[PDB]
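Cβ coordinates were reconstructed from backbone atoms using ideal geometry, including for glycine residues, and neighbour counts include every protein chain displayed. Every number here is computed from the coordinates shown, using simple stated rules; none is lab data.
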Ligand SMILES: [Ca+2]
Ligand SMILES: [Zn+2]
């Protein structure tokens, strides 16, 4: 054990806190409690809960406050640009040890990988636009926009759309994306057509002033959100998920030299000989197989620059986008050679598991989910702080 840094878990465009969904864990799902497994095995682990539909920016600012403590500061420039609130939620802070000198391992799934990368980028370099807007308007500035923070020892991404996902290119993506949200609710044994008085799934849309109202089901609430700024704006997950939006993110969110990066690619498809398309394997979650996989595995776009390397997928995200950011990115990606390197993406390999199977939300008995994360946890613990040249 070369380091003692705690592990922090980060969801994507779906995800909730440990107390949400009647205890049903995002990290573990039907398989159990991943955070508990790691803690029980001697790996200190925590779980972050941010806005699933929110932008990676807004998610980064939420994560920062959720880590060190305080009220979420979205930045005056950003808030003015997108028309949402500058200040959001207040958090007690999961790890006050960060401000006294500590580090963390961030393990991220799906869109979470974008959020971790951005969080690292803002912590290290801040936002120049935020700093200049502050001096020019005489408004205050969050420390997150100053740079100089070294909170993150490593970032691991699992099934992450670093170059985006072609899923957003479906003609009925708006209806199907929220059908996916209802599918995840279903997996937690939560009905989507029921007006729960208890809030089960908090989307944390405080900055937009959006929330589920009394007498309103998730079906009705989703219909509102589609017409809401968290779906029709660019300050959204919807945009960051897209190939053009992800490329834009890559152009300013770069790999820190002081931080280790690991990527895990997922796949759950087979190649059709005559078409060259990719089709959902036996076992893939019912939703992705029926609705999403056929599009992901057959859709091509010359203009957008999508050829047949993008067709292999895990039901939600294209596998070609997973090893690390490439579209509009200067980051390097190397295949794992037994040694883990700093400031570069370590391609840990491709795993035959779908997008929801890998976090246990969808079942897969042939997949030892407990071993996967325990093996990952010891790898992060083995990470040397300092490195030094040798033959
Ligand atoms: Ca399955
Ligand atoms: Zn925003």
Restricting to the range 62-84, and then to whatever is on the phi > 0 side of the Ramachandran plot and near ligand 2 (Cβ under 10 Å from one of its atoms), can you tell me which residue is surrounded by the fewest Cβ atoms within 10 Å (Cβ to Cβ)?
83
Is the range 370-384 home to any residue that is touching a residue at least 40 places away in the same chain (Cβ under 8 Å), more than 16 Å from ligand 2 (Cβ to nearest atom) and more than 22 Å from residue 43 (Cα to Cα)?
no
In this structure, is residue 42 in a loop (DSSP other than H, G, I, E, B), away from ligand 2 (no atom under 16 Å from the Cβ), on the phi > 0 side of the Ramachandran plot and buried (at least 22 other Cβ atoms within 10 Å of the Cβ)?
no
Might you let me know whether the range 88-95 holds any residue that is within 16 Å of ligand 2 (Cβ to nearest atom) and touching a residue at least 40 places away in the same chain (Cβ under 8 Å)?
yes
State all residues of the range 235-256 that are outside any loop (DSSP other than H, G, I, E, B), under 24 Å from residue 79 (Cβ atoms), more than 14 Å from ligand 2 (Cβ to nearest atom) and touching a helix residue (DSSP H, G or I) at 6+ places or on another chain (Cβ under 8 Å); if no residue qualifies, say none.
241, 246
Restricting attention to the range 336-343, does a residue exist that is in contact with a strand residue (DSSP E or B) (Cβ under 6 Å, 6 or more places away or on another chain), away from ligand 1 (no atom under 16 Å from the Cβ), part of a loop (DSSP other than H, G, I, E, B) and more than 29 Å from residue 290 (Cα to Cα)?
yes
Please work out which residue is farthest from ligand 1 (Cβ to nearest atom), limiting yourself to the range 47-57 and to residues that are under 15 Å from residue 79 (Cβ atoms) and touching a strand residue (DSSP E or B) at 6+ places or on another chain (Cβ under 8 Å).
55
Are any of the residues in the range 343-359 crowded, with 23+ Cβ neighbours inside 10 Å, on the phi > 0 side of the Ramachandran plot, in contact (Cβ under 8 Å) with a residue 40 or more places away in the chain and touching a helix residue (DSSP H, G or I) at 6+ places or on another chain (Cβ under 9 Å)?
no
Which of the residues spanning the range 361-383 are more than 10 Å from ligand 1 (Cβ to nearest atom) and either assigned to a loop (DSSP other than H, G, I, E, B) or within 16 Å of residue 263 (Cβ to Cβ) (or both)?
368, 372, 373, 375, 376, 379, 380, 382, 383
Residues in the range 195-205: is at least one touching a residue at least 24 places away in the same chain (Cβ under 8 Å), more than 21 Å from the chain's Cα centre (by Cα) and at positive phi?
no
Pick from 270, 239, 279, 221: which is away from ligand 1 (no atom under 16 Å from the Cβ), over 22 Å from the mean Cα position of the chain (by Cα) and more than 29 Å from residue 338 (Cβ to Cβ)?
221
